[PDB]
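J.: how would this look folded up:
(6 chains, ligands or ions: 4)
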Amino acid sequence: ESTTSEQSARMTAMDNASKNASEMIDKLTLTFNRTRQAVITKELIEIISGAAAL
Amino acid sequence: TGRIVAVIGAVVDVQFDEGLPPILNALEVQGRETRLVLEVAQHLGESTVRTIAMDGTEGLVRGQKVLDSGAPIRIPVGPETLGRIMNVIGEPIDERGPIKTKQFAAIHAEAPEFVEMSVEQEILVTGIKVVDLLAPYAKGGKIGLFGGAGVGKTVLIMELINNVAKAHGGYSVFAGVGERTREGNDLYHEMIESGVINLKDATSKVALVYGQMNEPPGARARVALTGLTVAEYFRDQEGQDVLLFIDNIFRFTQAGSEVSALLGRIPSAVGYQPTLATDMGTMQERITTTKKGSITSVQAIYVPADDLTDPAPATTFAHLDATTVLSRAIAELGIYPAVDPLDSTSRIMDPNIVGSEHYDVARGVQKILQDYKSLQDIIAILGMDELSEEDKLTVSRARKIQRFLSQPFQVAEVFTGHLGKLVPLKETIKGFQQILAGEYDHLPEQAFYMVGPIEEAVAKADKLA
Amino acid sequence: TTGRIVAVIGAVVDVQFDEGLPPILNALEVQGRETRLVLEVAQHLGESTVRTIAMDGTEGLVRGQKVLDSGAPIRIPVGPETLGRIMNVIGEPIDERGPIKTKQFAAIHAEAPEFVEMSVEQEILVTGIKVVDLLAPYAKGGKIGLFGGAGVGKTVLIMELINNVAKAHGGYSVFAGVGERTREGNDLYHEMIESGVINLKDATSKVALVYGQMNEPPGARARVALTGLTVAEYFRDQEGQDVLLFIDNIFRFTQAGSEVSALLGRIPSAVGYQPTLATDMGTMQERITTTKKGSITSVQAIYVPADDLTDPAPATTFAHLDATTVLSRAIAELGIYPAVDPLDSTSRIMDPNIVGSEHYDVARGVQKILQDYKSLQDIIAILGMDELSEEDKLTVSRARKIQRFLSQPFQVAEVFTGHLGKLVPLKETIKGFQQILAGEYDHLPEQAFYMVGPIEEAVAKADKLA
Amino acid sequence: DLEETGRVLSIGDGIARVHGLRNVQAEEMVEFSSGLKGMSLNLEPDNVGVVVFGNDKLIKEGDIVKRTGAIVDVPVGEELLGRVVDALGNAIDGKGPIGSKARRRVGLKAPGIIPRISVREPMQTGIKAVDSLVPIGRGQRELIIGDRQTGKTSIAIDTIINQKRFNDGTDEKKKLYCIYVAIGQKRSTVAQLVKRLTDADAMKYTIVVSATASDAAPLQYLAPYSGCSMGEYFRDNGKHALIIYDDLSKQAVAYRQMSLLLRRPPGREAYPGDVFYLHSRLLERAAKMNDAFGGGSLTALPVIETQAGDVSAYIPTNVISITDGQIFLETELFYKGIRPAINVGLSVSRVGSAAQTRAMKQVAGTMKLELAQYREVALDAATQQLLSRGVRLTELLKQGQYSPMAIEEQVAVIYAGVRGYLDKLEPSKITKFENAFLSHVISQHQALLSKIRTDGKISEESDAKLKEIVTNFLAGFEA
Amino acid sequence: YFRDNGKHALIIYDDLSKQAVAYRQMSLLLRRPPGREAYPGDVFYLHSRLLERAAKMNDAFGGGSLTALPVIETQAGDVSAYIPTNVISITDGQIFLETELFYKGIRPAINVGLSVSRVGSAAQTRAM
Amino acid sequence: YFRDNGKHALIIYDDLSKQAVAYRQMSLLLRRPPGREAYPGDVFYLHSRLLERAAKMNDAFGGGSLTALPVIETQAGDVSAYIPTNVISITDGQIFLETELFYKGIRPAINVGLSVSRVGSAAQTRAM
Ligand SMILES: Nc1ncnc2c1ncn2[C@@H]1O[C@H](COP(=O)(O)OP(=O)(O)OP(=O)(O)O)[C@@H](O)[C@H]1O
Ligand SMILES: Nc1ncnc2c1ncn2[C@@H]1O[C@H](COP(=O)(O)OP(=O)(O)O)[C@@H](O)[C@H]1O
Ligand SMILES: [Mg+2]
Ligand SMILES: [Mg+2]
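T.: Numbering: from 1, shown residues only, chains lettered A, B, ... in the order given. Ligands and ions are numbered 1, 2, ... in the order given. Sure, structure below:
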């Protein structure tokens, strides 16, 4: 009896874990892409300032 | 007659003593073995212009003579462009001699004015079941074609060309913007095999304009406009509904970015040109419905870094009236065309535009596929007999629904050995409505797979077993 | 003497003088205009030309147009006659009540008090706001800063502070509106007339108003904080007295500096900011200070560009403050108001020798349990609550109630909440949290601790539901 | 004559550089020989820098430039009602000259503190979720913000159409003139939009100002200022106008294009440091006037498009920090079918209760609270019943497009939900209940709705009447 | 020379990452406007004109061919970097190698999942 | 002066983050081109030359010493930042303080795991 209950509960906990992870992944990917673009932008503005100052 | 005063890569400065060429004017460099066109970009002051070269600048000398042609780049327009390939400046690059046209046309035409606009949304019937039902195309609209290689993308483009000429009579233009040369050759020959291009007669349905990956950015930036110009003759002078393919929009934006950098302009967010949205806008706005006719445009879209918020796809997305999403997963299931029935979208999917009957069936087909997705996430974890009595009914219908979404293409007849089908909108609707109503629950799934109208879905079952 | 305008771009005007070049900071008067247009000298460019910053719009200016040197910086009305009045950047009345008949004027540029003039007096200023009083208390005569991104509660908080502290304070207030909403200025003015803190009849007004809002061109937004601070400086010095100074929003001073730096000729620094960000800020902030002559309790609202506290503007501001209240969008989205981050707000007087060991121990106890809870959240986020021991389940329970008990309804927020505003004595804030920490209320639901005053109101709210 | 005239030195780098125009004013409108207009932006020792309000490619070195003597202004007045104009106030609808008798400077500074009074008159949208939870008052600025295709424009358009009911009536304090400014949109889209307005008979009280996707950046820059000036004519003449800026995201990218070509130093996302001020000076001009200035108002609904729900971005946080509230639309709520996709949690009206009918406070004054609490948590105790109420109320706030509701019809619907009548009901059925219930109270209980409207309150006699309606209605249908 | 004279050649560019760095040096010192990662705008065009010269000639043009194997070095496996982005978009496919596979004992360390040949089957004998 | 006259001094630079900012302003306004984060190209040198002046002197020079405790402000815990990394690379060791630790009750908020000092003379003490 215990084993059947434990395996079913293990299934559920892992299902919940992977759903929570997927939600975090989705949110972090958005932050990743924003940050990715912002680093290109920032870098480039620095080089352009460096060029204009000469 | 101007004289070259500076050359730095694809940027050439030219001095004129009296007749200064307006911005956008084409200039022809004298004493070169092949045609070298410079497009005026700026008036620098002191009778000097800055121009962008349409081909390589090697061998240019300061003092070398340059003629103002008196107008923008002008290209051949008319029926004799069909089945031909031209470059950005309208020269034939298919070694079949002169494009003997009775008219030429300038490539920087203004978009139609606000008064010229149609007040009404209207449907462009492709004859393709997935598209027409779930994500229909609009006349005068822009469609975003998503997906990489090996997903039947070239076969879909060719089918759209074939079906549009088959059903409406209208013509197609294909602008290859920054494509690999090898792929332009493949497409050319794939078009000859299918019959959309015919080298023996006048029955070609498409005109090609190519601006390859290895050409200067000025050339790659104007290819889309050259194609638009060819298209605009058919719409305006022949009063037609024309199809403009652009492959692809990312490279149009990329070349715009390079031209802006050549001119020494300060880059905007993520490296793109400051004029990103106006560059796009001046081009996309020429794709519209007017009173003489319409141009509809299918645009292959590449998404850098898988990032839909990247300024390039983000800017394009504003102009799109529909999306057609091609997927490997759908192809791996054996479904062709490999259109994702849930990820594809259309702005004209409104009861007032497509009709009450169209919207209901489409929203009903969309729902049952969404059910099938949630029902399949219970079978894999648990089992098939863990679901109710009504659950297996929605599965059986939805399996036949995705099979009646698949379609044999006319342009794919040479390879698979099966005859292709063009299905009217009315037969697509009433066919799908009958599956949801349950009128075909007594039939096997394989009867609905790779057929045309529902009359074939009934008859195929009789032939089998 | 008189100059001629040689260039105009937005707020930046170049002026050539044939004789008598005006010193930097001198106010120039443009001739031939319907209302007074002051140009402040910013730079000597050479060749008898000065570069200046306009204090109003420059539309209509023509190259050649004449300019008169006033022979001094911008000078404004200071003194008791400013109380109950509204002035703009250049000291003109904007309340349609005629001249401000002061017996003195003062230049808006002044040397910051010297090191010798500093005071070291530390005395608690009780706000009646639980999170502040408990975790990061304000000091009388200290510098207070309220950090927040767009729409998180800076103005609501500053208005609660004006309501809660100004009454108890027995002196004069100055409110400077810097680059904020004109209608908030109108709301504030009429509310003060209604309450009586501004009187339109008698000399009993206790607040001087100075405004240069987000409708104004950058020169005005950059200088107007100096206008307000100059009024406060007079009350502090010529009286030797306790002044309250309120500013919403000091960020706009720095932002306005960046808009003109663009045209002044300076090579930009990080994120496109003026290279002089930190020194401009220091020259201004160091005058907003208590001295041996008198006390200024200052409260400044501080905008945070795109919620980024590491942005140069808010980053440079922290060093100027004695107490900081940091508002968090994430805390607001839990519906917790005021949205103060308990793990990012600090005070100089949060010291056992100053607030007492009891106040201190409870404050640190609260912060410890909130941090411990914060550490569990990456695990909870994925693995959920079932992986936690029964001792950690109690830390989560006690921490969620402590989070909620730090929330409070504000008098000024009844228009948004539909709840009566609450003022909580320090002794009741201390006892209240000290009891939750002790587990004395482990039997109540979380939601009973939401939007209440003292602890007895949680117990009452818990009995309202079965 | 180089005092009143000039000649183009250079063109193609954004701003045109012009020799001469010695007597030209800063911000003065000037005329090019090609028929284009421009604005004197930069006055320099040796040149005038001129922003071109059209296609700069039509200008050549040596072209003649002429002073107009007037600071940039636009046609203003009631002749613009029912008309479509570009950013300069010129007709583009094909119906000939506007016929305007007055003009206003586009860059005129917003009214100060003294000429104003607190907003107190409702600006009714007819959309349940807005009029109940995010009520707008006349003279307010309220942002509409969300991703592409989340229903932003629809809120604006349904708001304009809703005013017909007041504009056809007598009650003159209740009339509302509308201005739709389209910035950076397709011409086809704008034409479909004026069609819909014409179908609804909304065009007769609306001005459309359009600077579209193929219009030069300076025209997109100018458009909102031009529309705003037209609104200000009503605002200052004792009338009420509503302005829609659709959208300010597109205006800001046109201004960034102009700023980059001028080589102004870019900050976050390459925007110049004055992007905040671009929008702050514009939005300050929506105002409620005190009676000494005629009592009029101009209400503004700016539109901002976010990218993948990022409301913490530069342009979004700027505008949030300018306006008196925001209506946040969300993609997740949208494509799930919750339309309008208002995130009731995040959406605020920094005015709130002040500009709302008493009958709405009596219902929405509890519905507002029960929904930010619900959002957080997205057998058990009171935590679960928060979720049970939240789902019913959400469904209750759903509304089809072009389905205006008068405030009294809105309170009766909200009443049924907020009092707990649908608490026993299943969430799926809420939509069907509302449609049948509303059409029933509209059919025979016009007396009740009339009582709630005129009294501007739910009186005890209305309260007990409605209680008997809902109870007897609830039971009696086929399921 | 071999392609045009009916013969077949293979060319390896080891590596194009280093070629772009050298080009960026020249371009910056010529004070040409810099772009992303300080590479000039024509850095795409640098590689596109080079790699489009690899071709298969038809019989009417001699039958010869030039095959190109450009090599790119990635940093931390970021294929979204500027130069790897350009070259991936130009070529007909990639063989992708990985340190994790290498040390696992997969040598050659080819990630088959991430590797593609867009010519594919057409370049194989029937037996294969 | 103490170092060289046979005595011992301790110097605290509170803090070097703010000195670099001032150096950046001055240098930019002198029209010296902006480097990484708009800092001057030699911001490393600004700090390296200063800290190298802390030294222990031999007996022939007086046996004196100067010890330095520079202070660096990080932003959101970013030790990998430009100025922080410079000074980490210069110093003999570092005491790392953390907000998490501070609020957890660890005060002084030293991260013992990350904090390092150079060996210690044998003499720190003997019973210690
Ligand atoms: N209340 C509603 N009920 C049903 N459908 C709606 C509702 N509101 C909007 N829609 C639909 O949502 C779609 C997008 O609406 P709308 O154009 O208003 O959004 P948007 O955010 O302004 O889009 P865009 O990005 O194109 O500017 C439209 O097709 C519209 O018909
Ligand atoms: N203490 C509070 N209680 C309830 N609501 C608040 C509180 N502070 C802020 N809010 C909500 O946030 C909105 C913006 O607050 P405000 O202080 O105006 O923002 P900002 O930080 O931009 O000045 C208010 O209109 C209100 O809806
Ligand atoms: Mg505020
Ligand atoms: Mg819209």
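J.: Helices of chain A, residue ranges please.
T.: Secondary structure of chain A by DSSP state H: the helices cover A:2-53.
J.: tell me the SS of residue B:374?
T.: helix (DSSP: H, G, I helix; E, B strand; the rest coil).
J.: Bridge partners for residue D:183, pull those for me.
T.: Note on residue D:183: beta-bridge partners by DSSP bridges are residue D:211.
J.: Against residue D:248, how distant is it?
T.: 7 Å (C-beta to C-beta, to the nearest Å). The C-beta positions use only the backbone N, C-alpha and C, and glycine is treated the same way.
J.: what touches both of those two?
T.: Applying C-beta atoms under 8 Å, 6 or more residues apart in numbering or on different chains, one finds that residue D:183 and residue D:248 are jointly contacted by residue D:224.
J.: show me where the stretch 301-450 of chain D has strands.
T.: D:325-328, D:348-349 (DSSP state E, counting those that start in this stretch).
J.: Mind checking these for the one nearest to residue C:332?
T.: Among the strands of the stretch 301-450 of chain D, the nearest to residue C:332 by C-beta to C-beta is strand D:348-349 (10.3 Å).
J.: The closest one: how far from the chain's middle?
T.: 14 Å (C-alpha atoms, centre = their mean, to the nearest Å).
J.: Would you mind measuring from residue B:337 to residue B:127?
T.: Counting by C-beta to C-beta - residue B:337 and residue B:127 are separated by 11 Å.
J.: Who are the contact partners of whatever residue of chain A ends up closest to chain E?
T.: Using C-beta to the nearest C-beta, residue A:47 is the residue of chain A that sits closest to chain E, at 4.9 Å. In this structure, residue A:47 makes contact with E:34, E:38, judged by C-beta under 8 Å, 6+ apart.
J.: next one: residue B:180
T.: Contacts of residue B:180 (C-beta under 8 Å, 6+ apart): B:212-213, E:52, E:90, E:92.
J.: next one: residue B:65
T.: Residue B:65 sits in contact with B:1-3, B:29-31, where contact means C-beta under 8 Å, 6+ apart.
J.: can you tell me which of those residues lies nearest to ligand 3?
T.: The nearest member of the contacts of residue B:65 to ligand 3, counting by C-beta to the ion, is residue B:2 at 58.9 Å.
J.: beta partners for that closest one?
T.: Under the criterion used here (DSSP bridges), residue B:2 is bridged to residue B:66.
J.: out of the strands of the stretch 301-450 of chain D, deepest packed?
T.: strand D:325-328 (a mean of 25; mean count of other C-beta atoms under 10 Å in any protein chain shown).
J.: who does it pair up with?
T.: strand D:143-146 (parallel), strand D:348-349 (antiparallel).
J.: Pull the number of nearby residues for residue D:249.
T.: 21 (other C-beta atoms under 10 Å in any protein chain shown).
J.: That one and residue C:18: what is the separation?
T.: In terms of C-beta to C-beta, residue D:249 sits 49 Å off from residue C:18.
J.: Check residue D:456 too.
T.: Residue D:456 is 69 Å from residue C:18, by C-beta to C-beta.
J.: And residue D:4, by the same measure?
T.: Distance from residue D:4 to residue C:18, by C-beta to C-beta: 26 Å.
J.: who's in contact with residue B:247?
T.: Counting by C-beta under 8 Å, 6+ apart, residue B:247 has contacts B:157, B:174-177, B:179, B:299-300.
J.: Mind putting those into TSV with neighbour count?
T.: Output for the contacts of residue B:247, formatted as TSV (neighbours: other C-beta atoms under 10 Å in any protein chain shown):
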residue	neighbour count
B:157	24
B:174	27
B:175	28
B:176	27
B:177	30
B:179	22
B:299	24
B:300	23
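J.: Out of the residues you listed, list just those in strands.
T.: Cross-referencing the contacts of residue B:247 against strands under DSSP state E gives B:174-177, B:299-300.
J.: Quickly check: the strand or helix carrying residue B:324 near chain D or not.
T.: Per DSSP states H and E: residue B:324 is located in strand B:322-325. No - for strand B:322-325, no contact with chain D is found by C-beta under 8 Å from any C-beta of the partner chain; the gap never falls below 11.0 Å.
J.: CA atoms only: put that strand into PDB for me.
T.: Output of strand B:322-325 as PDB, limited to C-alpha atoms (Å, rounded to 0.1, in the frame of the first residue of the first chain):
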ATOM      1  CA  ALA B 322      -1.300  36.900 -40.600                       C
ATOM      2  CA  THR B 323       1.400  34.400 -39.700                       C
ATOM      3  CA  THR B 324       2.000  31.000 -41.300                       C
ATOM      4  CA  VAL B 325       4.100  28.800 -39.000                       C
END
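J.: Please see if it touches ligand 1.
T.: No - interface with ligand 1: strand B:322-325 contributes nothing (C-beta under 6 Å from any ligand atom), its closest point being 12.0 Å away.
J.: how distant is the next helix or strand along the chain from that strand from the center of its chain?
T.: Note on strand B:322-325: by DSSP H and E, the next helix or strand toward the C-terminus is helix B:328-332. Per C-alpha atoms, centre = their mean, the displacement of helix B:328-332 from the mean C-alpha position of its chain is 22 Å.
J.: next one: stretch D:340-354
T.: 15 Å.
J.: mind listing the helices for the stretch 201-350 of chain D?
T.: Counting by DSSP state H, counting those that start in this stretch, the stretch 201-350 of chain D has helices at residues D:217-235, D:248-261, D:275-283, D:314-320, D:331-335.
J.: I should have written the stretch 251-400 of chain B there, sorry.
T.: Under DSSP H, counting those that start in this stretch, the stretch 251-400 of chain B gives helices at B:276-284, B:311-317, B:328-332, B:351-354, B:356-379, B:389-403.
J.: Could you identify which of the ones you listed is most buried?
T.: Buried most deeply of the helices of the stretch 251-400 of chain B, by mean count of other C-beta under 10 Å, is helix B:276-284, with a mean of 23.
J.: hmm, that one touching chain A?
T.: No - remark: helix B:276-284 sits outside contact range of chain A, by C-beta under 8 Å from any C-beta, the gap being at least 13.1 Å.
J.: just checking, what packs against that helix?
T.: helix B:217-237, helix B:249-262, helix B:311-317, helix D:248-261 (3 or more C-beta pairs under 8 Å, 6 or more residues apart in numbering or on different chains; DSSP states H and E).
J.: Can you give the contact residues for it?
T.: Contacts for helix B:276-284 (C-beta under 8 Å, 6+ apart): B:111, B:142, B:224-225, B:228, B:252-253, B:256-257, B:268, B:273, B:311-312, B:315-316, B:318-319, D:184, D:186, D:212-217, D:250, D:253-254, D:257.
J.: Which PyMOL command selects the buried ones in the residues you listed?
T.: A single PyMOL command selects the buried members of those (16 or more other C-beta atoms under 10 Å in any protein chain shown):
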select buried, (chain B and resi 111+142+224+225+228+252+253+256+257+268+273+311+312+315+316+318+319) or (chain D and resi 184+186+212+213+214+215+216+217+250+253+254+257)
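J.: Can you name the residues of chain A that neighbour chain D?
T.: A:30, A:33-34, A:38, A:41, A:45, A:49, A:52.
J.: again, only this time at 10 Å
T.: Along chain A, the residues adjacent to chain D under the rule C-beta under 10 Å from any C-beta of the partner chain are A:27, A:29-31, A:33-34, A:37-38, A:41-42, A:44-45, A:48-49, A:52.
J.: quick check, nearest of these to residue A:11?
T.: Once C-beta to C-beta is applied, the member of the residues of chain A next to chain D that ends up nearest residue A:11 is residue A:27, at 25.2 Å.
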